[PDB]
Each structure stands twice: as C-alpha cells, then as structure tokens.
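Here, each number is a calculation from the coordinates, and none is a lab measurement. Here Cβ is always computed from backbone atoms with ideal geometry, including for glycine, and neighbour counts include all displayed protein chains.
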There are 2 protein chains.
Amino acid sequence: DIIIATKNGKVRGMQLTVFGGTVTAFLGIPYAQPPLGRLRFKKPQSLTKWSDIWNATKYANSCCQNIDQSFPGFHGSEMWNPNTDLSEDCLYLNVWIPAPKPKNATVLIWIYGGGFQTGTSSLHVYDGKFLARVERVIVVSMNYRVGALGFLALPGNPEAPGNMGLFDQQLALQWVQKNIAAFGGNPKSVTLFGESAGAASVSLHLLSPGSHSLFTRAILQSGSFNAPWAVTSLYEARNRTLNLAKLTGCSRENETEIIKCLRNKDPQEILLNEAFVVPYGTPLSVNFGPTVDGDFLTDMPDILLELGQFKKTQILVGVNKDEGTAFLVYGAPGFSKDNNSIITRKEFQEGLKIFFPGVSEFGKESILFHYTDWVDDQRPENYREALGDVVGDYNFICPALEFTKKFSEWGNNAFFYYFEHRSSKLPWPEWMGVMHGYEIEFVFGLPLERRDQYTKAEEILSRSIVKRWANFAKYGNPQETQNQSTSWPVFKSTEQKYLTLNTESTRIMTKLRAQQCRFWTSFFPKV
Amino acid sequence: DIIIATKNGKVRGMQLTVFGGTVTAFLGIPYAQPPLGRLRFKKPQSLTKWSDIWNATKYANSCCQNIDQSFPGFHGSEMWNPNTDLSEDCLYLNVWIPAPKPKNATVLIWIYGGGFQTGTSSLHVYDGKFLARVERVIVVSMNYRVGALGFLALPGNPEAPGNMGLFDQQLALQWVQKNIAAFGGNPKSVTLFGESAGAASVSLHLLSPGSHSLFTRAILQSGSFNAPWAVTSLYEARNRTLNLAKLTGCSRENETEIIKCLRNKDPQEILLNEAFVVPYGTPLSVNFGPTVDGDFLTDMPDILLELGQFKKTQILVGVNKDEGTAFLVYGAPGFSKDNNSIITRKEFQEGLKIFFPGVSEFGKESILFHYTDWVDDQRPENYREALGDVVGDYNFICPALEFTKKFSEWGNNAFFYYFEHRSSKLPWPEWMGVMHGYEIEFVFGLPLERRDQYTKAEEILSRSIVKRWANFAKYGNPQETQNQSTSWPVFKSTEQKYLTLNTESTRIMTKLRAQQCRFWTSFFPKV
Ligand SMILES: *[C@@H]1O[C@H](CO[C@@H]2O[C@@H](C)[C@@H](O)[C@@H](O)[C@@H]2O)[C@@H](O[C@@H]2O[C@H](CO)[C@@H](O)[C@H](O)[C@H]2NC(C)=O)[C@H](O)[C@H]1NC(C)=O
Ligand SMILES: *[C@@H]1O[C@H](CO[C@@H]2O[C@@H](C)[C@@H](O)[C@@H](O)[C@@H]2O)[C@@H](O[C@@H]2O[C@H](CO)[C@@H](O)[C@H](O)[C@H]2NC(C)=O)[C@H](O)[C@H]1NC(C)=O
Ligand SMILES: *[C@@H]1O[C@H](CO[C@H]2O[C@@H](C)[C@@H](O)[C@@H](O)[C@@H]2O)[C@@H](O[C@@H]2O[C@H](CO)[C@@H](O)[C@H](O)[C@H]2NC(C)=O)[C@H](O)[C@H]1NC(C)=O
Ligand SMILES: *[C@@H]1O[C@H](CO[C@H]2O[C@@H](C)[C@@H](O)[C@@H](O)[C@@H]2O)[C@@H](O[C@@H]2O[C@H](CO)[C@@H](O)[C@H](O)[C@H]2NC(C)=O)[C@H](O)[C@H]1NC(C)=O
Ligand SMILES: *[C@@H]1O[C@H](CO[C@@H]2O[C@@H](C)[C@@H](O)[C@@H](O)[C@@H]2O)[C@@H](O)[C@H](O)[C@H]1NC(C)=O
Ligand SMILES: *[C@@H]1O[C@H](CO[C@@H]2O[C@@H](C)[C@@H](O)[C@@H](O)[C@@H]2O)[C@@H](O)[C@H](O)[C@H]1NC(C)=O
Ligand SMILES: *[C@@H]1O[C@H](CO)[C@@H](O)[C@H](O)[C@H]1NC(C)=O
Ligand SMILES: *[C@@H]1O[C@H](CO)[C@@H](O)[C@H](O)[C@H]1NC(C)=O
Ligand SMILES: *[C@@H]1O[C@H](CO)[C@@H](O)[C@H](O)[C@H]1NC(C)=O
Ligand SMILES: *[C@@H]1O[C@H](CO)[C@@H](O)[C@H](O)[C@H]1NC(C)=O
Ligand SMILES: *[C@H]1O[C@H](CO)[C@@H](O)[C@H](O)[C@H]1NC(C)=O
Ligand SMILES: *[C@H]1O[C@H](CO)[C@@H](O)[C@H](O)[C@H]1NC(C)=O
Ligand SMILES: [Cl-]
Ligand SMILES: [Cl-]
Ligand SMILES: [F-]
Ligand SMILES: [F-]
Ligand code: NA
C-alpha cells in the first residue's frame, strides 16, 4: 500500500509490474477545482483540500472534445481518440515514480497534442511507466481544457480571457513544484516535453513569465508556437467567439452576457458548433487556440522570440521525416489511406486549395512553382509526395527550425533531431512514411516491451532515444555516453547541425530543408 | 605640325585649344583592314601598312547601324545617334594626348554602349580632349562593328563565328599595346572604361584570355556581361541568324552558303531586317550580341565568373539612380516624355508585358507583388516609379552588384558607386530623374567647360569624378586625396560599401537595393 501525503491531502497509488520490476502509479490526482457552472471559461481555481485518502488508481475523465470519426474501426486514427469518459470535470494529472521510491529524481512532464481541440494524458502512447522503470525519472502528465472550453477568448474579460487550457497546464506545473518532493521528485529538475500542440504549449511556457520558475528545461517534438496553426489572432478569436454565440443562440449586446449565456449551454452544444466558427477550415484547423491575452502571453510571441524575451535554458527540438502525410487523407482530393494515392497536377492544385483556403492565387502558384520543379523522372508519385512535403514543411518542420535558430541565437544550447524511422507496426499505408505522431511511442519506451512485436532494431532505437531524453532532462545534454554512439552536436545558427534518428546509422547532418524553409520562412509570410 | 611614326605608318594629328592649354588629337586612325566584301562577318584582319602621312584630322565613319527615330528634333534622343557617315568601312580609333607630349602617360580606352546594335566613338559626350588636358592621361576610343554586321553568329564557322565587334575592340587594344609608346603612352598602364554595352564589353575583356595582356584595369559604368540583355544564347543566335536569312531571301541548306548570300546583300537590307529576327522585342532588345563562340569566350561567362576564371586586377563599377526610366518611353503604355506619366495598375501590368514578353504570368505576378507593396500614401506616381525601378534593377543595378560581389570574392579590390546627380541641362522630363547614360558627360569632363552653362556645383562634381577615375587608372585607387574628400572604401562581399556621387554630400552607404536584388538575383532566374 503506497500513500503519499500531498499539500491538499493523502493519495493512494498502485503498484505496476514493469520489466521484472515495480513502478508506482498515481493516476487521476485532482489539481484544480472542477471548472463547472460559473467556472466554465475561467482560469482554473486552486483546490480546496481534503481529509481521507484520494484513490489515484485509475485514469480520470478526459476533457470535453470532438472525436475523430473519420475511420471507425481503424487503429491508426482511433488510437488518438480519448479512452476515458469525457467530462468538464477533467483537471487531473498522473504521476509515475520508480520503486523503490527515488530520493531526488528528475521529473519529466508530458503535455499532449491534438491541435488544442482534442487530446488526453491517458492514451497508451503516453504511458509513463516505462520511463520511470528504465530511467528512474518521475513522469507527470495532466489533462488540460481543449477547444472553446479551453481557449474561447473575449480578450481582457476575466469571464473568458483566453488561454485557460494553458493556465490548466501551468497550474499542474505549480502542483509539481509544491508536491513532487513528497513523491521523491526534484522540483529543481523538471523538464517539459510535448508533441505537436503539446510542443507548441511547451514553447509558450518558455515565453510565459508565470511559467519561468516552474520548470528547468524543454523538449519540443513536432511543434512550436511559431507554427502557422499555433496562435489565434485577437481578430480571429473575437470573430470566432461571436460566431459561436450566434450559432448557439447566445448573441447579446453585452459581452459578459454572451459568456453568461454560453455557460448555460450543454457542453455538447458547444462542441457541436466549434467546427462552424470559421467560414472554411483545413485538416489543420485550430479553431480555438492560444491568443495574446496580456496575461499568459504579454505580447505577440514572434516579437518575444525575435527579441530574446524567453526563459534562458537548454532545448531539445525535432521533427519527423513525413510530418505532412497524416493530414492529406482528411480532405485532399485523390488521397486515401487504402490506396497508393497517386494524384494528378490538378488534384495537387485542389489540395493546395484545401490546405491554403485563402491565400491568394499567386500564393498558391508560388507553392506550386517551388515544390513541382521535377528533377525529374516522372515518376507518378511526384505530386503525392510534393503535397505531403508542402504540408509538413509549412506546418511543422520550417517553424521548428526557425524556432531553434532564433532561440539558440540568445546563447543557449539547443539540440535538433530528424526522426526518420517508420514503426514496423504502423497501421497507415507505406506511402505515408514516417508520420506525425509516430515518434511518441519510441520516446515513451513502448518498443522496450518485448511482448509487443516491435523489431529488435526498434527496441534498440527506443532504448537509445529514451536514454538521450533522460540525459537531456537530468543533465541538459542528450548524449548516449556508453555504447560508442554518435555525439549529438549543439545546433547553432551558423551551420545548423542536427542528428538523424533511425535504426541503421545515426548521422550528423546540416541545414535541414534549407531551400524549402527559405521559401516558407523568408518569402511566404509576405504571401 | 605633329607627326607620329606608328608601326603601320606616319600619322598627322591636330592641335586643339582646351582650357588655355593644348591637346593633340589624332582622330580616325585605321586599326584594321576594312571589313568589306568577303571580310564581312569575319574577325578583323590586320592592317597592310602605308607610306606617306595619314591625316588623322577628323572623326572617321561610324559603323552601320539603325538609328533612334523615336523623337525627331529632340536632343535627348538625337545626342546618341551617329554624327559621322555610316559605312562598313568603320574600323578606326581616336587618340588624344596632352601637350607637351607626355613621357609615359596612363591610357584610358573608351568602349561605347548602344546595346551592341548602335554607337560611335565620335559622340560629343565621349570627347577625350578634356581628360587629356586636365589629367594628362592619353584617351583612346574605337569604332567597333554593331548589330548583325558585328555579332551575327553561326557558332564554330569562321565565316560568321560571332563576337566580331568584340574582336574589333580587342584589335584596337592590340594597336594600343604596339603603338601607344610612340605617342608618349604607357602600354603597361591601360584602363578600359565603357558604359552600358561598353561596360558589358569591358567585363568580357576581363573574361577573355586573348585580352588578358592588353590592359591593366577596368571601369564598368551601368553594365556588365551578367545583365540579362548582354549575352545571346547559342540557341537564340542560330534562330536569329536563320531568321535573318529567311527575311533576306538567303535561306540555304548549306550554312556557309547562307553567309555567302548575306555577304551579297546591301548593308541597308541587313539593317532593315534586324528588328524582325525575334518574334517579340523589348525597348532593351539586343538582337545580335555577344555569344559563347569558344574563341573570345571559352565557356558560359556566368560559369567563368562564379569559378574565378578572369583577369585578377582592380575594378571600378557603378550605376545611376534611375537606370530604368529612359526605356519606359519606348513602348510602355501611359508613358510620355511630354507629361508626368502617371500610370494606373493596369498600365503597370501592361508595361511588364512589354518588358518581360514571356516570362510566365506567374513571373510577371511575382514582379508585381515585390514592387507594388505600397508603403503607402497613394501617391499617384506609385506605379510610374515602380516600373522604372523594375526595369533599372533587373537590367542594370542588380547585375552590376552581383558582378562586383562575385569579382571581389576572388581577392581583388573593387570600388562601387551610385551616381545620383541629374544634369541641370537634361532635356528629358523631371520624372525620369537620374537617367541611364547621363553620368558619361561628367566622367568626360564636359562640365569643366565654363562656357557651357552647367552649374558651379556640376563643375566641382565633374572635376572630382575626373580625378577619381584618373587616380583609379593610374594607381588602382579612386581617391581624391587633396580636398578633404570622403575616402572611397573597397567593396567586399560582406558589407558591400559603396560611394554616392552627387553635388551636396558624398556618402558611404551599404547594401544597395538589398531587398530588390534578393528578388532578381536569388529568385527570378528560376522564373
Ligand atoms: C467572421 O465570421 C463571419 C460570419 O460567419 C458566418 O456565420 C457564423 C455564425 C458561422 O456560421 C460561419 O460559418 C459563417 O461563415 C464570416 O463571414 C462569412 O464570410 C464568407 C467568406 O468566405 C462569406 O461567404 C459568408 O457569406 C460570410 N457570412 C456572413 C454571415 O456574413 C467572416 O468570414 C469571418 N471573418 C474572418 C474569417 O476573418
Ligand atoms: C525562332 O524563329 C521562329 C520564326 O520566326 C518567324 O519568322 C522569322 C523569319 C521572323 O520574321 C520572325 O519575326 C517570325 O516570328 C519563331 O517562331 C514564331 O514564334 C511565334 C511565337 O511567339 C509564333 O506566333 C509564330 O507563328 C512563329 N513563326 C513561325 C514562322 O513559325 C520562334 O519563336 C523563334 N524562336 C525563339 C524566339 O526561341
Ligand atoms: C484512391 O481512393 C480515393 C478515395 O476514394 C475512394 O476510396 C477507394 C479506396 C474506394 O473505396 C472508392 O470507392 C472511394 O471513392 C480515390 O479518389 C476518388 O476518386 C473518384 C473517381 O471515381 C472521385 O469521384 C472521388 O471524389 C475521389 N475521392 C476523393 C476523396 O478524392 C482515388 O481515385 C483512388 N486512387 C487510386 C486508385 O490511385
Ligand atoms: C501622357 O501622354 C501619353 C502618350 O500619348 C500622348 O502623348 C501626349 C503628350 C499627347 O500628344 C497625346 O495626344 C498622345 O496620344 C498618354 O497615353 C495615351 O493615352 C491615350 C488615351 O487617349 C491612349 O489611347 C494612348 O494609347 C496612350 N499612348 C500610349 C503611348 O500609351 C497619357 O495618357 C498621357 N498621360 C497623362 C496626361 O498623364
Ligand atoms: C535535490 O537536488 C537539488 C539540486 O538539483 C540539481 O541542481 C539543480 C539546479 C538542477 O540543475 C537539477 O537538474 C539538479 O538535479 C538540491 O537543491 C536539493 O536539496 C535536492 N533534494 C534532496 C536531496 O532531497
Ligand atoms: C613606363 O612605366 C613603366 C612602369 O609602369 C608602371 O608599372 C606598371 C606595372 C603599371 O602598374 C603602371 O600603372 C605603372 O605606370 C616602365 O616599365 C616603362 O619602362 C616606362 N616607360 C618609359 C619611362 O618610357
Ligand atoms: C479506496 O480503495 C481502498 C481499497 O484498498 C478502500 O479501502 C477505500 O475504501 C477506497 N476509497 C474509496 C472507494 O473512496
Ligand atoms: C548499451 O549497451 C548495453 C549492453 O550492450 C545494452 O544492454 C543497452 O541497451 C545499451 N544502452 C542504451 C542506453 O542504449
Ligand atoms: C594632309 O593634310 C595636309 C595639310 O596640312 C596636306 O599637306 C596633305 O597633302 C594632306 N594629305 C591628304 C589630303 O591626303
Ligand atoms: C581641389 O581644390 C582646388 C583648390 O581649391 C580646386 O581648384 C580643384 O578643383 C580641386 N581638385 C579636385 C581634383 O577636385
Ligand atoms: C454589461 O452590463 C452588465 C449589467 O449587469 C454588466 O455585467 C457589465 O457591467 C457590462 N459588461 C461589460 C463587459 O462591461
Ligand atoms: C557545304 O558545301 C559547300 C560546297 O562548296 C562548302 O562550302 C562546305 O564544304 C559545306 N559547308 C559547311 C558548313 O561545311
Ligand atoms: Cl496549370
Ligand atoms: Cl489585378
Ligand atoms: F542512438
Ligand atoms: F568627390
Ligand atoms: Na515566389
């Protein structure tokens, strides 16, 4: 029986058998007042404290969210859907600790992705028990509000100020500062890690003065705030809040009255109308996302980054070889997970309309010109591959690289990876390659489980990744020092060295997507 | 009576009074066999030698060429038209020497512009008597063949090998090497200078192994071989030669027979058909220009420049503030030298069609996007100014800057100027500004003549320019060392310092047209 006394009460955890050893899991610890009734759309409020023992023995409710119903019965999409009941009562976190209890362990805090619209910490690919067992780190993950319930903004108004989901995260970081020593954790050694919107979130905690003293270091997998999907403008937010109001019968003259009306709606009515708050959307739409609220974010985050206004610490950042492919089957014509998706020039052009809904004709033409100078072959898969790269480069790779360049310019050590291994178990077709989201299982050590039918090369790759992430968290340096591994060099603005991650041979390379990112980064912000 | 014994015979010159002093002029010395009959389209042949005295007492015939008839009676255009009879018998040069005869004077050799289609050394703005008088340099200038008669190419065929006009120039440089000591000149101190196509020519002598030992240093005013108008492709040349053949009734199966037929045509029939050898032309058309002949030019000159295959010496290069404006009244809709030429967006778009006849729609749109981001005003002269800058930047400024960057990268001192003074006497309207061609009169010292109604500030500016050019020719360093002048810094690829030339204040500036040239240089060669 494992009982830990926290600041707000006692919690009971449970023992898990992992790799002939033991891990203690505390699943579903509350970290804030349930944001119900009048607390809907507000910043999370602190917890009241309890006598008796909270049983943290199962994963808690996931936050309200729409679900991916595109491919019922299909593991590739369904694996990302929530696996616990949905509820507004969802502000809970999970703690995995090694056994025996550690003395002063480094802490890894996971922040999930899902476009700020979806996600939960209870997914099987975020199970922190392997990391705890193998590296003797403590792993923490939290549920934070998503969609309108987490990000609705009527800027400056404390009834709906925006960024609530980010304040949920921040309050979980505070819980860790205050409570993790009780669990054998070192609050002075805390590394945030996250993927996609989780990685964007981690990058915003780097920018937020309120988050400064709540963590040590940061890991950004496939995401950063400067991605074009990551921050909603005040103009967009206002329009989208007002659209939601109109759609739910909540239009009012008085804005505080709008919010009052919205707090009376069933959460299901809110979810149902989220997709419609924009005239046109893309498979990458973030209808309700982070905004400049003058609280969590004091200024436009691009300005903050450019001018060095961020936490000075080490970062580990990376992307996957085929970031863009996953999104192509959610609306690009000619694409299907169930065939090789050879598309024509015309289909490619229609695809750009899907992903760049406007975007001038000139803008779309410039994309076409840059990405379809076939050298050369023809080569039926030309257009198919081009559209994937457009989407991955614009949305994930070039922003991650620009983030890393601009961050490192202020003197800190940054390390960049390019993940190029496709899971032997991937249920998506071969043409999709090394997909967005599919490094996560390697980071969390799932291929370390021999019962699981990953290859031996995958076990080795995962073990190596796990060691490098742990060494980054503990020591600020993502090396694997014992098995004559390639040294991961620091990424600097001149030279821009990065490390490739794959089963055959780890390589030091330079200037990832140099030509492509010159297009997106230097030219396309104008168009 | 002034008689000089040359390698090929005695020449008599004439005495000129200049600024209360004397200059000896030898106008119209032959330097090659007249390229008539069977010598038409061939490289120039050496001169036979003569007894008795050649009277070099007037300017010789100008080479056959079409004339600018756009504005009869108008000095601004007519000043560029030939002022001596046109003849195929035109291979003559001029020598001005100070009096008393110098002992070992530095030599400046002028190569005129005119798009390789027109020009003559006898123009009043190329009169070398002021330079000789004021700086005690020797000035030489030659007539070289222009148009088809100078540049017709059927590559590899000695009957019409291309580049004949460039070999004319080269043979005049040889004449100088062999003869200038007789006139008090130093063949080891020879500086080439030229403007527009003359400057492009100077840059090609830098690349030509045959010209290497024929000069010391080089000055490039408003031109360089990498300008888009400066070198004809082998494909274009062949098509244009064949088109000329078709147009003159000279189409044949045998190519040597084509040339034989062309040698029978009256030169007037050739001139008449030159404009038509291309389906569409621009006000900047160079129908018959330099080509890669494997003789004068051994490889594509861009490759030679990139890879450092050129004469290692100092260069002085520059451009005028409004290079592009002169061409706009030769076909852009809405433009007139006789009004302020306020054009609309649609007219601007039509203008691009005139100057970029194809050039995809995307290409033309990209130009529009880059040059019409009004910041901001509106501001009726927006489009008018934009089209001038497009034409000047693409055709003259960005190529001159890229030439200077690439040249200086191989270790030599380069000096770059930006000429921003508009002649008080300019007969063109004010909207045309600091025009192409209108620094030349300042270089040649015409404003030093007080009788001429230039301002006092212009006399001073000209005197300063003349000293800097002379110091560049004599010493490789374009300084004016005596009157507390701004030091002209070396232009280096990092930093890219240049000197502005104007009547108020000479400034050291950096990175001329940085944004515009990034567009033309990095992006537009693709489109
Ligand atoms: C801001 O919102 C307006 C209105 O959005 C419409 O009504 C909402 C309640 C919701 O149902 C949306 O899906 C509707 O589009 C947008 O105005 C629309 O713009 C499109 C242009 O693509 C136009 O064809 C529609 O007719 C407009 N609808 C109305 C009612 O005027 C507007 O585009 C949004 N502003 C943005 C995105 O900046
Ligand atoms: C190469 O030349 C051909 C033929 O040129 C035509 O005939 C010549 C004698 C002369 O009179 C030219 O002005 C004529 O254009 C070009 O073929 C023409 O191309 C245009 C496309 O703009 C087309 O509309 C015409 O019908 C074509 N004319 C013929 C007779 O076929 C061709 O464009 C040139 N190649 C180039 C510029 O690369
Ligand atoms: C790959 O499949 C796509 C997607 O749509 C199809 O999925 C197939 C697996 C099959 O079940 C089929 O019935 C289903 O429609 C194909 O694109 C479709 O092509 C048709 C032409 O008949 C269009 O009318 C559809 O709109 C279009 N769908 C989409 C979403 O664009 C695609 O042709 C196929 N590609 C191959 C075989 O290379
Ligand atoms: C400036 O003049 C141009 C050029 O053409 C005109 O020149 C004038 C000085 C005058 O002699 C006039 O008769 C002559 O046509 C004007 O552009 C012209 O505008 C007319 C509209 O009637 C068009 O039909 C012509 O095609 C067009 N010419 C060209 C070459 O494009 C221009 O409008 C005028 N601009 C002003 C006053 O701002
Ligand atoms: C736990 O260790 C603390 C020091 O942590 C280390 O130094 C900080 C600055 C970070 O770099 C972190 O990564 C390191 O692990 C001590 O202050 C603290 O007292 C320790 N607590 C114990 C032993 O109970
Ligand atoms: C003329 O002077 C010659 C040297 O010229 C100088 O050095 C060369 C290399 C160039 O740098 C040039 O600019 C200089 O002016 C002598 O070789 C030659 O003999 C002199 N001739 C005379 C005095 O009759
Ligand atoms: C928590 O679980 C333990 C089972 O060991 C039980 O004793 C206790 O009553 C539980 N508390 C609950 C369900 O509230
Ligand atoms: C390093 O090597 C050992 C022994 O060969 C192996 O068991 C382990 O998996 C490797 N460690 C890491 C961190 O990759
Ligand atoms: C050259 O000019 C002089 C005039 O001084 C004259 O003596 C001589 O005969 C002339 N030669 C000609 C015209 O061929
Ligand atoms: C320098 O100054 C003198 C005397 O003031 C003047 O006559 C001359 O024009 C100037 N020289 C140059 C080369 O500009
Ligand atoms: C609108 O008036 C109501 C009246 O109760 C009140 O909530 C508030 O003062 C007003 N709204 C705002 C946003 O100030
Ligand atoms: C074409 O034949 C003629 C026959 O006299 C001759 O000039 C030459 O050998 C041929 N042309 C070429 C270019 O070889
Ligand atoms: Cl098309
Ligand atoms: Cl338009
Ligand atoms: F590794
Ligand atoms: F000066
Ligand atoms: Na472009």
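When A:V434 is tested against (1) over 20 Å from the mean Cα position of the chain (by Cα); (2) buried (at least 18 other Cβ atoms within 10 Å of the Cβ), exactly one condition is not met: (1). Residues that are of a type outside the set (V, I, T) and free of Cβ contacts under 8 Å to residues at least 40 places away in the same chain: does the range B:52-71 have at least one? The answer is yes, given that some residue of the range B:52-71 is of a type outside the set (V, I, T) and free of Cβ contacts under 8 Å to residues at least 40 places away in the same chain. Scanning the range B:415-432 for residues that are over 15 Å from B:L512 (Cα atoms) and not hydroxyl-bearing (S, T, Y) turns up B:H421, B:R422, B:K425, B:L426, B:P427, B:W428, B:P429, B:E430, B:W431, B:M432. Among the residues of this structure, B:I342 counts as one that is surrounded by fewer than 19 Cβ atoms within 10 Å (Cβ to Cβ) and aliphatic (A, V, I, L, M).
For (1) more than 26 Å from A:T404 (Cβ to Cβ); (2) within 16 Å of ligand 7 (Cβ to nearest atom); (3) in contact with a strand residue (DSSP E or B) (Cβ under 6 Å, 6 or more places away or on another chain), each residue gets a yes or a no:
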position: A:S196; (1), (2), (3): no, no, no
position: A:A199; (1), (2), (3): no, no, yes
position: A:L204; (1), (2), (3): no, no, no
position: A:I219; (1), (2), (3): no, no, yes
position: A:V231; (1), (2), (3): no, no, no
position: A:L242; (1), (2), (3): yes, no, no
position: A:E257; (1), (2), (3): yes, no, no
position: A:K260; (1), (2), (3): yes, no, no
position: A:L272; (1), (2), (3): yes, no, no
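Could you tell me whether any residue of the range B:341-350 is among the hydrophobic types (A, V, I, L, M, F, W, C), away from chain A (no Cβ under 14 Å) and within 26 Å of B:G318 (Cα to Cα)? No: the range B:341-350 contains no residue that is among the hydrophobic types (A, V, I, L, M, F, W, C), away from chain A (no Cβ under 14 Å) and within 26 Å of B:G318 (Cα to Cα).
What about A:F444, is it away from chain B (no Cβ under 14 Å), out of contact with any helix residue (DSSP H, G or I) (no Cβ under 9 Å at 6 or more places or on another chain), surrounded by 19 or more Cβ atoms within 10 Å (Cβ to Cβ) and in contact (Cβ under 8 Å) with a residue 24 or more places away in the chain? No. At least 2 residues being of a type in the set (F, W, Y) is the threshold, and among the helices (runs of 4 or more DSSP H) wholly inside the range A:96-188 those reaching it are A:164-179. Answer with yes or no whether A:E402 is buried (at least 17 other Cβ atoms within 10 Å of the Cβ), away from ligand 8 (no atom under 16 Å from the Cβ) and within 30 Å of the chain's Cα centre (by Cα). The answer is yes for A:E402. Take the conditions (1) free of Cβ contacts under 8 Å to residues at least 40 places away in the same chain; (2) within 30 Å of A:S189 (Cβ to Cβ); (3) not in a helix (DSSP H, G or I); A:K526 misses just one of them, which is (2).
Kindly list the number of the only condition in (1) within 16 Å of ligand 7 (Cβ to nearest atom); (2) surrounded by 19 or more Cβ atoms within 10 Å (Cβ to Cβ); (3) of a type in the set (F, W, Y) that fails for A:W50. For A:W50, the failing item is (2). Scanning the range B:282-300 for residues that are more than 16 Å from ligand 2 (Cβ to nearest atom), in contact with a strand residue (DSSP E or B) (Cβ under 6 Å, 6 or more places away or on another chain) and closer than 30 Å to B:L262 by Cβ turns up at least one hit. Here the condition is being surrounded by 14 or more Cβ atoms within 10 Å (Cβ to Cβ) and more than 14 Å from chain A (Cβ to nearest Cβ); of B:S285, B:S366, it holds for B:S285 alone. Only one of these is away from ligand 14 (no atom under 16 Å from the Cβ), under 27 Å from A:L328 (Cα atoms) and exposed (fewer than 15 other Cβ atoms within 10 Å of the Cβ): A:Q515, A:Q482. Name it. Testing whether each residue is away from ligand 14 (no atom under 16 Å from the Cβ), under 27 Å from A:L328 (Cα atoms) and exposed (fewer than 15 other Cβ atoms within 10 Å of the Cβ) leaves just A:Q515. Contact list please: Cβ distance under 6 Å, first residue in the range A:369-388 and within 14 Å of chain B (Cβ to nearest Cβ), second residue part of a helix (DSSP H, G or I) and hydrophobic (A, V, I, L, M, F, W, C), pairs at least six apart or on different chains. Final answer for the pair search is A:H370/A:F519; A:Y371/A:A386; A:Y371/A:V390; A:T372/A:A386.
When B:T506, B:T486, B:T494 are checked against the criterion of being within 14 Å of another protein chain (Cβ to nearest Cβ), among the polar types (S, T, N, Q), in a loop (DSSP other than H, G, I, E, B) and away from ligand 7 (no atom under 16 Å from the Cβ), a single residue qualifies: B:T494. Just one of (1) within 26 Å of B:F403 (Cα to Cα); (2) more than 14 Å from chain A (Cβ to nearest Cβ); (3) in contact (Cβ under 8 Å) with a residue 40 or more places away in the chain; (4) surrounded by fewer than 18 Cβ atoms within 10 Å (Cβ to Cβ) fails for B:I460. It is (1).
Taking A:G392, is it away from chain B (no Cβ under 14 Å), surrounded by 23 or more Cβ atoms within 10 Å (Cβ to Cβ) and in contact with a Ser or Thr (Cβ under 6 Å, 6 or more places away or on another chain)? No.
One residue alone among A:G351, A:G331, A:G358 is under 27 Å from A:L272 (Cα atoms), among the small types (G, A, S) and free of Cβ contacts under 8 Å to residues at least 40 places away in the same chain, and that residue is A:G351.
Consider the range A:379-430. How many of its residues are among the acidic types (D, E) and not in a loop (DSSP other than H, G, I, E, B)? Selection size over the range A:379-430: 5.
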